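**Q** Pasting in a structure now, in structure tokens, and then I'll have a few things to ask.
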There are 2 protein chains.
Amino acid sequence: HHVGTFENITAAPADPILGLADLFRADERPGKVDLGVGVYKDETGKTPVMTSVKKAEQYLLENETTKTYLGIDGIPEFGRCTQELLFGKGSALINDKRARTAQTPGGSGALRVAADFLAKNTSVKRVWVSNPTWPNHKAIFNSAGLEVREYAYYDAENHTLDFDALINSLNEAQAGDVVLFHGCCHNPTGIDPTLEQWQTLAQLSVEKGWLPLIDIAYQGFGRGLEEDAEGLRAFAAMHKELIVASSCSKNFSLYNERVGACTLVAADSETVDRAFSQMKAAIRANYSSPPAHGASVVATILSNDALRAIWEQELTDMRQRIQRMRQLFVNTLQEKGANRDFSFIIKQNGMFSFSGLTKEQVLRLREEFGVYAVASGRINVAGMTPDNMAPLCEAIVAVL
Amino acid sequence: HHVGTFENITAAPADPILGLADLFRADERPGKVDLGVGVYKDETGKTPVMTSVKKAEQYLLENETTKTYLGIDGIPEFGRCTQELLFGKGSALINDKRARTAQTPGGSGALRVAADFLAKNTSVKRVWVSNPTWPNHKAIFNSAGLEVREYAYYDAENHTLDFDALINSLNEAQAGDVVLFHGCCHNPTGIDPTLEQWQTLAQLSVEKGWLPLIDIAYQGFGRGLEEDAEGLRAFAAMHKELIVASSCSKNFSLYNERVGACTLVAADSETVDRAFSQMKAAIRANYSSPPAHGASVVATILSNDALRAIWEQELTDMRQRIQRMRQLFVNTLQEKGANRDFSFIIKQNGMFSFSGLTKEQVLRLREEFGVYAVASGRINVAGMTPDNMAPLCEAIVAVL
């Protein structure tokens, strides 16, 4: 009698991330090198569960007596640790009780909740992100009906943060707009503002009146836990309102447990309470309450001196391994006759950098050498090991 | 100057549940009875972790070697088990590859993913739900810009399903609409269509051409795992298209791990694959990928003969305790002089029923007797025990 509701739906475009992965799997050649992954890998090319996380999970197995619903905002202790880690022990923001935190399904969940909150309860209509940025920013903000505009950030030819370009392009951003910044380890460029630059940005936001949103997914992967929050804290010291979307997917290697938070900051407790009540409403209309396991693991670790120390040591090992691969990469290319300077790799932090390779070189690297990078030329330095570095570099030299 | 973006936010109205819970916890009377809870409770008033679940969690602790991201649609084995559980092994839908399943953060997440998917990819503008229905249904669909309309369902004076009024009120639903049915254990009335009524409803849906969405959160809490899916399957045999939002929160006592799924069904494999590609985009724009822990617990239990037998016996005990409390409630009311027919309670399924008490009687019950129900008069028979039944029923008889 009646035609289907699904019949006229059009096929989505193929996901290039998934496409590249499928390709890699089908490739049977033994010396493959995967610089296209979006996760940390160790020196054996695995992504193990942290020791601190295994121990916390064992503790939970032994001690949990119920799985009953967490409240909309999740585990309160996770909320408190999050705010301490973000703003620092004895922060005036915390003291003044100006921050509210909801545990969310990852930083992605945090970004979506922020978007829905903003769309339904404020006059925000536009969100500014850096060119380039994390691939899923646009879709998340558009899904809530928010326009996404790009500001100047990376100078690709020169491998630098073009600060003057950044400042100038943001002059177009009005009070009523949101401006998104990566807390540290900018994804995918690996280049962050200096402190002084963060301070200039914080000052500008106060002057122009726009609302800062700090997406911080790599705390501890740049210079260290406290240093990586310095930028966020520059904004907190100046702007009376903030949104922070934090993730533990990477700094705890808890990717698949979906562990993060959305933190609201306002001028005072009463004001943040009103705002945060509406954030709770956006969550309720989404996934209702967040998943316990991952966030409980994090709370367990941070609340326990011994476990926290073990976690900090592993994280430090991970930050340092990435820096070691950056250094080794640059030295090995030079040793292998690269007709070009790659020292910008040393000036960058986190897993990702733009290699500067053309899409044709990327293609040739995969087809001829089984060396896999993203078509943008993005590379994940954690995909490098002391054992794969030499062939990797020989391949790159051969395509220049 | 630049005023606060949040400065002027109007607060969300308080969740009356939270106020009532505070009252309960502050109530020092030794005789208080809590019938307002939203989860299963055993005879001791606890919501324990199932044994099958603890065993699976030990297996995961001992055998998991990574936390890297799941794919957008979750664990494939969790998808397969879900489909077999819903449609039954050797189902023509499965054989024919007409179904695609995304693991989601709870049944709530699945409902939200379904709403986003529909709003962005189809002509659906309107969703029909029972009066009454699960309280969060309206918020979720509204958040995607879908209008929510109510169809006739419960006859509160007589404690029945007014099937004739249901049918008639659905004459208003149009070919392009969605109509949502509770799979079993209607929440909060506990009254489900009979199989014959289900078959009639499926026929009607083909005749009118609206899209059935089946919300199934209590499979196994009614008469049994297979019997509880009868309604859904009657729909599956008739209507070429379907959406199913399923949950493991209650039947695995996994509430806070957020384990559920959204399943799409279409006329053929090509069409569902196409639709499902768009559902994935909806997830990507939300929380990106689902949490592993709870779903992996479920997949581990259902994949292992021994674990499965342990879980089914645990669920059976739960189902049967709920039935005993319903029977004891009815008989104890008679004993204490109700003299009003409460037999409807025996004809209902799951832990919830409308007691039929007025808001005045509810108030009196709490204030005078420490018996707590929700304002709607919803009660949870799992808040009942052989030990609190007598005073509970005497309290009720006294306010009649």
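Chain labels follow the order of the structure tokens: the first chain is A, the next B, and so on; residue numbering restarts at 1 in every chain, and ligands are counted from 1 in their shown order.
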When all Cα positions are paired in order and chain A is fitted onto chain B, what RMSD is left, to one decimal?
**A** 0.5 Å
**Q** Which residues are close to stretch 331-343 of chain B, i.e. within 12 Å by only C-alpha atoms, leaving aside same-chain residues fewer than 4 positions away? Reply as a ChimeraX atom specification.
**A** /B:157-160,324-327,347-348,353-357,384-400
**Q** Would you mind exporting the chosen residues as a tab-separated table (two decimals), in the first residue's frame, restricted to N, CA, C and O atoms?
**A**
chain	number	residue	atom	x	y	z
B	157	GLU	N	-8.96	4.63	35.08
B	157	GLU	CA	-10.06	4.29	36.00
B	157	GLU	C	-10.24	2.79	36.12
B	157	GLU	O	-10.50	2.27	37.20
B	158	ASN	N	-10.09	2.09	35.00
B	158	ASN	CA	-10.32	0.65	34.97
B	158	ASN	C	-9.06	-0.22	34.92
B	158	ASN	O	-9.14	-1.44	34.98
B	159	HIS	N	-7.90	0.42	34.82
B	159	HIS	CA	-6.62	-0.29	34.86
B	159	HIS	C	-6.47	-1.28	33.69
B	159	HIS	O	-6.03	-2.41	33.86
B	160	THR	N	-6.83	-0.83	32.50
B	160	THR	CA	-6.82	-1.70	31.33
B	160	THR	C	-6.22	-1.00	30.13
B	160	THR	O	-6.06	0.22	30.10
B	324	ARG	N	5.81	-12.93	42.11
B	324	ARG	CA	5.41	-13.25	43.49
B	324	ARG	C	4.94	-12.01	44.24
B	324	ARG	O	3.93	-12.04	44.95
B	325	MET	N	5.67	-10.92	44.09
B	325	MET	CA	5.30	-9.68	44.77
B	325	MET	C	3.96	-9.16	44.25
B	325	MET	O	3.13	-8.72	45.04
B	326	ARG	N	3.74	-9.25	42.94
B	326	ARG	CA	2.44	-8.85	42.39
B	326	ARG	C	1.30	-9.67	43.01
B	326	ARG	O	0.30	-9.11	43.46
B	327	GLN	N	1.46	-10.99	43.04
B	327	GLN	CA	0.47	-11.89	43.62
B	327	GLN	C	0.26	-11.63	45.11
B	327	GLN	O	-0.86	-11.56	45.58
B	347	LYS	N	-2.57	-9.12	36.18
B	347	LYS	CA	-2.61	-9.18	34.72
B	347	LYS	C	-1.50	-8.35	34.06
B	347	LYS	O	-1.38	-8.32	32.84
B	348	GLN	N	-0.69	-7.69	34.87
B	348	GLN	CA	0.32	-6.78	34.35
B	348	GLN	C	1.72	-7.38	34.43
B	348	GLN	O	1.91	-8.39	35.11
B	353	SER	N	3.56	-0.51	37.76
B	353	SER	CA	2.12	-0.37	37.50
B	353	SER	C	1.71	1.00	37.99
B	353	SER	O	2.35	1.55	38.87
B	354	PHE	N	0.64	1.55	37.42
B	354	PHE	CA	-0.05	2.67	38.05
B	354	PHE	C	-0.93	2.11	39.17
B	354	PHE	O	-1.76	1.23	38.94
B	355	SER	N	-0.73	2.60	40.39
B	355	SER	CA	-1.49	2.12	41.54
B	355	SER	C	-2.95	2.56	41.44
B	355	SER	O	-3.85	1.89	41.97
B	356	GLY	N	-3.17	3.69	40.78
B	356	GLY	CA	-4.50	4.25	40.65
B	356	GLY	C	-4.86	5.21	41.77
B	356	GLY	O	-5.98	5.71	41.85
B	357	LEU	N	-3.88	5.45	42.64
B	357	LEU	CA	-4.05	6.39	43.74
B	357	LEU	C	-3.98	7.82	43.23
B	357	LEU	O	-3.24	8.10	42.30
B	384	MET	N	8.74	-3.96	46.98
B	384	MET	CA	7.98	-4.79	47.91
B	384	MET	C	8.73	-6.07	48.31
B	384	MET	O	9.46	-6.68	47.50
B	385	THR	N	8.55	-6.47	49.58
B	385	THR	CA	9.13	-7.69	50.13
B	385	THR	C	8.08	-8.42	50.99
B	385	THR	O	7.10	-7.83	51.41
B	386	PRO	N	8.29	-9.71	51.25
B	386	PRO	CA	7.35	-10.38	52.16
B	386	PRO	C	7.29	-9.68	53.52
B	386	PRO	O	6.28	-9.79	54.23
B	387	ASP	N	8.33	-8.95	53.88
B	387	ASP	CA	8.39	-8.30	55.19
B	387	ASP	C	7.71	-6.92	55.28
B	387	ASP	O	7.18	-6.55	56.33
B	388	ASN	N	7.72	-6.15	54.19
B	388	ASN	CA	7.04	-4.85	54.23
B	388	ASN	C	5.63	-4.86	53.63
B	388	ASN	O	4.94	-3.85	53.65
B	389	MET	N	5.21	-6.02	53.12
B	389	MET	CA	3.91	-6.10	52.45
B	389	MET	C	2.75	-5.71	53.37
B	389	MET	O	1.91	-4.90	53.00
B	390	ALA	N	2.72	-6.28	54.58
B	390	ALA	CA	1.59	-6.05	55.47
B	390	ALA	C	1.37	-4.56	55.80
B	390	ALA	O	0.31	-4.02	55.52
B	391	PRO	N	2.37	-3.91	56.40
B	391	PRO	CA	2.19	-2.48	56.71
B	391	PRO	C	1.91	-1.63	55.47
B	391	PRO	O	1.09	-0.70	55.52
B	392	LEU	N	2.58	-1.95	54.36
B	392	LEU	CA	2.38	-1.28	53.09
B	392	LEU	C	0.91	-1.32	52.67
B	392	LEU	O	0.30	-0.30	52.33
B	393	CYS	N	0.34	-2.52	52.72
B	393	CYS	CA	-1.03	-2.70	52.28
B	393	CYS	C	-2.05	-2.08	53.24
B	393	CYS	O	-3.08	-1.55	52.81
B	394	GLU	N	-1.75	-2.14	54.54
B	394	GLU	CA	-2.58	-1.49	55.55
B	394	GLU	C	-2.58	0.02	55.33
B	394	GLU	O	-3.62	0.66	55.38
B	395	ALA	N	-1.40	0.58	55.04
B	395	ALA	CA	-1.30	2.00	54.71
B	395	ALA	C	-2.21	2.37	53.53
B	395	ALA	O	-2.94	3.37	53.58
B	396	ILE	N	-2.17	1.56	52.47
B	396	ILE	CA	-2.97	1.81	51.27
B	396	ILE	C	-4.46	1.70	51.54
B	396	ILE	O	-5.23	2.57	51.16
B	397	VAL	N	-4.87	0.63	52.20
B	397	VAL	CA	-6.26	0.46	52.58
B	397	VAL	C	-6.73	1.69	53.38
B	397	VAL	O	-7.87	2.14	53.23
B	398	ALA	N	-5.85	2.24	54.21
B	398	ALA	CA	-6.25	3.35	55.07
B	398	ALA	C	-6.49	4.66	54.33
B	398	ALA	O	-7.20	5.51	54.84
B	399	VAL	N	-5.92	4.83	53.15
B	399	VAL	CA	-6.11	6.08	52.42
B	399	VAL	C	-7.16	5.99	51.32
B	399	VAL	O	-7.45	6.97	50.63
B	400	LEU	N	-7.75	4.81	51.17
B	400	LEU	CA	-8.70	4.54	50.10
B	400	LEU	C	-10.04	5.24	50.34
B	400	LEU	O	-10.79	5.49	49.40
**Q** Just list the residues in stretch 29-129 of chain B DSSP gives helix (DSSP H, G or I) on the backbone, as a ChimeraX atom specification.
**A** /B:51-63,76-87,92-95,106-121
**Q** Save the residues we just selected, N, CA and C atoms, as a tab-separated table (two decimals), in the first residue's frame?
**A**
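Dumped to selection-v5.tsv:
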chain	number	residue	atom	x	y	z
B	51	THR	N	25.85	-12.44	39.08
B	51	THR	CA	26.97	-13.36	39.11
B	51	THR	C	27.58	-13.58	37.72
B	52	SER	N	26.72	-13.77	36.72
B	52	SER	CA	27.18	-13.98	35.35
B	52	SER	C	28.03	-12.79	34.89
B	53	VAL	N	27.64	-11.61	35.33
B	53	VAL	CA	28.33	-10.37	35.00
B	53	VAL	C	29.71	-10.31	35.67
B	54	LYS	N	29.77	-10.63	36.96
B	54	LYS	CA	31.05	-10.65	37.68
B	54	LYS	C	32.02	-11.62	37.00
B	55	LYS	N	31.52	-12.79	36.63
B	55	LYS	CA	32.35	-13.79	35.98
B	55	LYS	C	32.90	-13.29	34.64
B	56	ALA	N	32.04	-12.65	33.85
B	56	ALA	CA	32.43	-12.08	32.57
B	56	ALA	C	33.46	-10.98	32.78
B	57	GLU	N	33.27	-10.17	33.83
B	57	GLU	CA	34.18	-9.08	34.14
B	57	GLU	C	35.57	-9.59	34.53
B	58	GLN	N	35.62	-10.71	35.24
B	58	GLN	CA	36.90	-11.36	35.52
B	58	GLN	C	37.56	-11.82	34.21
B	59	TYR	N	36.77	-12.42	33.33
B	59	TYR	CA	37.32	-12.84	32.04
B	59	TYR	C	37.93	-11.65	31.28
B	60	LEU	N	37.22	-10.53	31.26
B	60	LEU	CA	37.71	-9.34	30.55
B	60	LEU	C	38.99	-8.80	31.20
B	61	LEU	N	39.03	-8.80	32.53
B	61	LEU	CA	40.20	-8.31	33.24
B	61	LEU	C	41.42	-9.16	32.86
B	62	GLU	N	41.22	-10.47	32.81
B	62	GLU	CA	42.31	-11.39	32.56
B	62	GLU	C	42.73	-11.47	31.09
B	63	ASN	N	41.84	-11.11	30.18
B	63	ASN	CA	42.10	-11.35	28.77
B	63	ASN	C	42.16	-10.15	27.83
B	76	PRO	N	31.12	-6.30	16.98
B	76	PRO	CA	30.28	-7.07	16.05
B	76	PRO	C	29.51	-8.21	16.72
B	77	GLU	N	30.14	-8.92	17.65
B	77	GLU	CA	29.47	-10.03	18.32
B	77	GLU	C	28.30	-9.56	19.18
B	78	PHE	N	28.41	-8.37	19.76
B	78	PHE	CA	27.30	-7.79	20.51
B	78	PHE	C	26.14	-7.49	19.56
B	79	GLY	N	26.45	-7.02	18.35
B	79	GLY	CA	25.42	-6.82	17.35
B	79	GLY	C	24.71	-8.13	16.97
B	80	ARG	N	25.48	-9.18	16.77
B	80	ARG	CA	24.89	-10.45	16.34
B	80	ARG	C	24.00	-11.06	17.43
B	81	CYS	N	24.48	-11.06	18.67
B	81	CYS	CA	23.71	-11.59	19.78
B	81	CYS	C	22.41	-10.81	19.94
B	82	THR	N	22.49	-9.49	19.83
B	82	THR	CA	21.31	-8.64	19.90
B	82	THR	C	20.28	-9.05	18.86
B	83	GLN	N	20.73	-9.25	17.62
B	83	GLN	CA	19.82	-9.60	16.54
B	83	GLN	C	19.16	-10.96	16.74
B	84	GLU	N	19.92	-11.93	17.26
B	84	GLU	CA	19.36	-13.25	17.51
B	84	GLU	C	18.35	-13.20	18.65
B	85	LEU	N	18.69	-12.43	19.67
B	85	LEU	CA	17.83	-12.28	20.83
B	85	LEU	C	16.52	-11.60	20.45
B	86	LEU	N	16.60	-10.61	19.58
B	86	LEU	CA	15.42	-9.86	19.15
B	86	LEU	C	14.52	-10.66	18.22
B	87	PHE	N	15.11	-11.20	17.16
B	87	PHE	CA	14.35	-11.77	16.05
B	87	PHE	C	14.32	-13.31	16.10
B	92	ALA	N	14.45	-15.14	9.29
B	92	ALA	CA	14.54	-14.74	7.88
B	92	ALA	C	15.14	-13.33	7.72
B	93	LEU	N	14.89	-12.45	8.68
B	93	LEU	CA	15.47	-11.11	8.63
B	93	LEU	C	17.00	-11.16	8.65
B	94	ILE	N	17.55	-12.03	9.49
B	94	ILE	CA	18.99	-12.18	9.60
B	94	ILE	C	19.56	-12.87	8.36
B	95	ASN	N	19.02	-14.03	8.01
B	95	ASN	CA	19.40	-14.74	6.79
B	95	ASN	C	19.43	-13.80	5.59
B	106	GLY	N	23.25	2.63	25.96
B	106	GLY	CA	21.92	2.37	26.49
B	106	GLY	C	20.81	2.42	25.44
B	107	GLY	N	19.62	1.99	25.84
B	107	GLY	CA	18.44	2.19	25.02
B	107	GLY	C	18.18	3.67	24.78
B	108	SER	N	18.55	4.52	25.74
B	108	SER	CA	18.38	5.97	25.59
B	108	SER	C	19.19	6.47	24.40
B	109	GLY	N	20.49	6.19	24.40
B	109	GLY	CA	21.34	6.50	23.25
B	109	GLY	C	20.76	5.99	21.94
B	110	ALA	N	20.22	4.77	21.93
B	110	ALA	CA	19.66	4.22	20.70
B	110	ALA	C	18.46	5.03	20.22
B	111	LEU	N	17.63	5.47	21.16
B	111	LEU	CA	16.47	6.30	20.83
B	111	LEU	C	16.92	7.65	20.24
B	112	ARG	N	17.95	8.23	20.84
B	112	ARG	CA	18.47	9.51	20.37
B	112	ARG	C	19.14	9.39	19.00
B	113	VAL	N	19.86	8.29	18.79
B	113	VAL	CA	20.51	8.05	17.50
B	113	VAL	C	19.45	7.85	16.42
B	114	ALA	N	18.40	7.12	16.77
B	114	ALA	CA	17.24	6.90	15.91
B	114	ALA	C	16.57	8.22	15.55
B	115	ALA	N	16.37	9.09	16.54
B	115	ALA	CA	15.73	10.39	16.28
B	115	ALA	C	16.59	11.30	15.37
B	116	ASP	N	17.89	11.38	15.66
B	116	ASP	CA	18.81	12.17	14.82
B	116	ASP	C	18.81	11.64	13.38
B	117	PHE	N	18.90	10.32	13.26
B	117	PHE	CA	18.93	9.64	11.97
B	117	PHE	C	17.67	9.98	11.14
B	118	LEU	N	16.50	9.89	11.78
B	118	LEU	CA	15.24	10.16	11.13
B	118	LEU	C	15.11	11.62	10.74
B	119	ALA	N	15.50	12.51	11.64
B	119	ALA	CA	15.31	13.93	11.40
B	119	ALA	C	16.16	14.41	10.23
B	120	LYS	N	17.38	13.86	10.12
B	120	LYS	CA	18.34	14.30	9.11
B	120	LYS	C	18.20	13.61	7.76
B	121	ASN	N	17.61	12.42	7.75
B	121	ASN	CA	17.64	11.60	6.54
B	121	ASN	C	16.30	11.22	5.94
**Q** So that I can check the secondary structure, give me every residue of stretch 193-328 of chain B assigned strand (DSSP E) by backbone DSSP, as a list in words.
**A**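 Strand (DSSP E) assignments inside stretch 193-328 of chain B correspond to residues 211, 212, 213, 214, 215, 216, 242, 243, 244, 245, 246, 247, 259, 260, 261, 262, 263, 264 and 265 of chain B.
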**Q** Could you save those same residues with C-alpha atoms as a CSV table (one decimal), in the first residue's frame?
**A**
chain,number,residue,atom,x,y,z
B,211,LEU,CA,7.1,3.3,10.6
B,212,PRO,CA,7.0,1.2,13.8
B,213,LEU,CA,9.7,2.0,16.4
B,214,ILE,CA,9.9,-0.7,19.0
B,215,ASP,CA,11.4,0.3,22.4
B,216,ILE,CA,12.4,-2.9,24.1
B,242,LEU,CA,11.4,-1.2,11.5
B,243,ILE,CA,13.5,0.5,14.1
B,244,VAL,CA,14.3,-1.3,17.4
B,245,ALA,CA,15.9,0.4,20.4
B,246,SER,CA,16.9,-2.4,22.8
B,247,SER,CA,18.5,-2.2,26.3
B,259,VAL,CA,24.5,-1.0,27.1
B,260,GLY,CA,21.9,-1.0,24.3
B,261,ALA,CA,21.5,-0.9,20.5
B,262,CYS,CA,19.7,0.7,17.7
B,263,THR,CA,18.7,-1.8,15.0
B,264,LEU,CA,17.4,-0.8,11.5
B,265,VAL,CA,15.4,-3.1,9.4
**Q** Could you list, as a tab-separated table (two decimals) with N, CA, C and O atoms, in the first residue's frame, every residue within 7 Å of stretch 312-323 of chain B, counting only C-alpha atoms and ignoring same-chain residues fewer than 5 positions away?
**A**
chain	number	residue	atom	x	y	z
B	220	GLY	N	12.56	-10.44	28.83
B	220	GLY	CA	12.89	-11.43	29.85
B	220	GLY	C	12.24	-11.15	31.20
B	220	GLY	O	12.18	-12.04	32.07
B	221	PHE	N	11.77	-9.93	31.40
B	221	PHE	CA	11.08	-9.53	32.63
B	221	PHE	C	9.57	-9.82	32.63
B	221	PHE	O	8.91	-9.70	33.67
B	222	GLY	N	9.02	-10.20	31.48
B	222	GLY	CA	7.58	-10.39	31.36
B	222	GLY	C	7.19	-11.84	31.59
B	222	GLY	O	6.87	-12.23	32.71
B	251	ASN	N	17.76	-6.21	32.08
B	251	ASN	CA	17.92	-7.66	32.00
B	251	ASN	C	19.34	-8.20	32.28
B	251	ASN	O	19.51	-9.40	32.50
B	350	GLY	N	6.12	-6.95	34.53
B	350	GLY	CA	7.29	-6.14	34.84
B	350	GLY	C	7.16	-5.49	36.21
B	350	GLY	O	6.22	-5.79	36.96
B	351	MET	N	8.09	-4.61	36.55
B	351	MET	CA	8.11	-4.06	37.90
B	351	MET	C	7.20	-2.85	38.14
B	351	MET	O	6.95	-2.49	39.28
B	381	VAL	N	6.83	-2.76	42.07
B	381	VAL	CA	6.53	-3.89	42.95
B	381	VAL	C	7.80	-4.54	43.50
B	381	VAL	O	7.73	-5.34	44.41
B	382	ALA	N	8.95	-4.19	42.92
B	382	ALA	CA	10.21	-4.71	43.40
B	382	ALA	C	10.69	-3.97	44.66
B	382	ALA	O	11.62	-4.40	45.31
**Q** Measure the distance from atom CA of residue A:310 to atom CA of residue A:248 in Å and round it to one decimal.
**A**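 So the answer is 15.9 Å.
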**Q** Pick out the residues sitting within 10 Å of residue B:46, and hand them over as a ChimeraX atom specification; count only C-alpha atoms, and ignore anything fewer than 4 positions along from it in its own chain.
**A** /A:65-66,68 /B:39-42,383
**Q** Generate a file of the selected residues that holds N, CA and C atoms, formatted as a PDB file, in the first residue's frame.
**A**
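And here is the file that came out, result.pdb:
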ATOM      1  N   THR A  65      29.428  -3.309  44.113  1.00  0.00           N
ATOM      2  CA  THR A  65      28.306  -4.133  44.536  1.00  0.00           C
ATOM      3  C   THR A  65      27.011  -3.777  43.807  1.00  0.00           C
ATOM      4  N   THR A  66      27.076  -2.811  42.902  1.00  0.00           N
ATOM      5  CA  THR A  66      25.895  -2.435  42.133  1.00  0.00           C
ATOM      6  C   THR A  66      26.281  -1.797  40.795  1.00  0.00           C
ATOM      7  N   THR A  68      23.766   0.217  39.456  1.00  0.00           N
ATOM      8  CA  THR A  68      22.642   1.147  39.361  1.00  0.00           C
ATOM      9  C   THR A  68      23.053   2.499  38.751  1.00  0.00           C
TER      10      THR A  68
ATOM     11  N   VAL B  39      14.614   1.105  39.423  1.00  0.00           N
ATOM     12  CA  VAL B  39      15.406  -0.072  39.094  1.00  0.00           C
ATOM     13  C   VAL B  39      14.945  -1.340  39.845  1.00  0.00           C
ATOM     14  N   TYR B  40      15.409  -2.499  39.391  1.00  0.00           N
ATOM     15  CA  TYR B  40      15.101  -3.737  40.090  1.00  0.00           C
ATOM     16  C   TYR B  40      15.733  -3.753  41.479  1.00  0.00           C
ATOM     17  N   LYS B  41      15.045  -4.351  42.445  1.00  0.00           N
ATOM     18  CA  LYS B  41      15.648  -4.622  43.752  1.00  0.00           C
ATOM     19  C   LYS B  41      15.305  -6.039  44.222  1.00  0.00           C
ATOM     20  N   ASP B  42      16.257  -6.711  44.866  1.00  0.00           N
ATOM     21  CA  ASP B  42      16.012  -8.063  45.371  1.00  0.00           C
ATOM     22  C   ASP B  42      15.299  -8.023  46.735  1.00  0.00           C
ATOM     23  N   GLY B 383      10.050  -2.844  44.981  1.00  0.00           N
ATOM     24  CA  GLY B 383      10.264  -2.204  46.272  1.00  0.00           C
ATOM     25  C   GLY B 383       9.518  -2.960  47.374  1.00  0.00           C
TER      26      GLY B 383
END
**Q** For residue A:255, work out the shell of residues within 6 Å, counting only C-alpha atoms and skipping chain neighbours fewer than 6 positions away, then give it as a ChimeraX atom specification.
**A** /A:249 /B:67-69
**Q** Can you write just those residues out, N, CA and C atoms, as a PDB file, in the first residue's frame?
**A**
ATOM      1  N   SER A 249      40.627   9.551  27.021  1.00  0.00           N
ATOM      2  CA  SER A 249      40.834   8.485  26.047  1.00  0.00           C
ATOM      3  C   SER A 249      42.322   8.210  25.795  1.00  0.00           C
TER       4      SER A 249
ATOM      5  N   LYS B  67      42.525  -1.138  24.810  1.00  0.00           N
ATOM      6  CA  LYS B  67      41.303  -0.343  24.884  1.00  0.00           C
ATOM      7  C   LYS B  67      41.094   0.515  23.623  1.00  0.00           C
ATOM      8  N   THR B  68      41.817   0.239  22.530  1.00  0.00           N
ATOM      9  CA  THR B  68      41.611   1.046  21.308  1.00  0.00           C
ATOM     10  C   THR B  68      40.138   1.119  20.935  1.00  0.00           C
ATOM     11  N   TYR B  69      39.783   2.173  20.207  1.00  0.00           N
ATOM     12  CA  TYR B  69      38.405   2.445  19.815  1.00  0.00           C
ATOM     13  C   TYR B  69      37.707   1.234  19.187  1.00  0.00           C
TER      14      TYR B  69
END
**Q** Near residue A:269, within 8 Å and counting only C-alpha atoms, which residues show up once chain neighbours fewer than 5 positions away are dropped, as a PyMOL selection string?
**A** chain A and resi 96-99
**Q** Write to file, as an mmCIF file, in the first residue's frame, the residues of the selection just made, with N, CA and C atoms.
**A**
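The new file result09.cif reads:
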data_model
loop_
_atom_site.group_PDB
_atom_site.id
_atom_site.type_symbol
_atom_site.label_atom_id
_atom_site.label_comp_id
_atom_site.auth_asym_id
_atom_site.auth_seq_id
_atom_site.Cartn_x
_atom_site.Cartn_y
_atom_site.Cartn_z
ATOM 1 N N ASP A 96 35.750 29.449 44.415
ATOM 2 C CA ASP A 96 34.543 30.244 44.223
ATOM 3 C C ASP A 96 33.358 29.389 43.750
ATOM 4 N N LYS A 97 33.617 28.112 43.502
ATOM 5 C CA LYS A 97 32.561 27.182 43.130
ATOM 6 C C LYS A 97 31.886 27.633 41.828
ATOM 7 N N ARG A 98 32.719 28.032 40.862
ATOM 8 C CA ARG A 98 32.261 28.648 39.629
ATOM 9 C C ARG A 98 32.190 27.631 38.501
ATOM 10 N N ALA A 99 32.665 26.424 38.773
ATOM 11 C CA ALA A 99 32.720 25.377 37.759
ATOM 12 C C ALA A 99 31.760 24.227 38.054
#
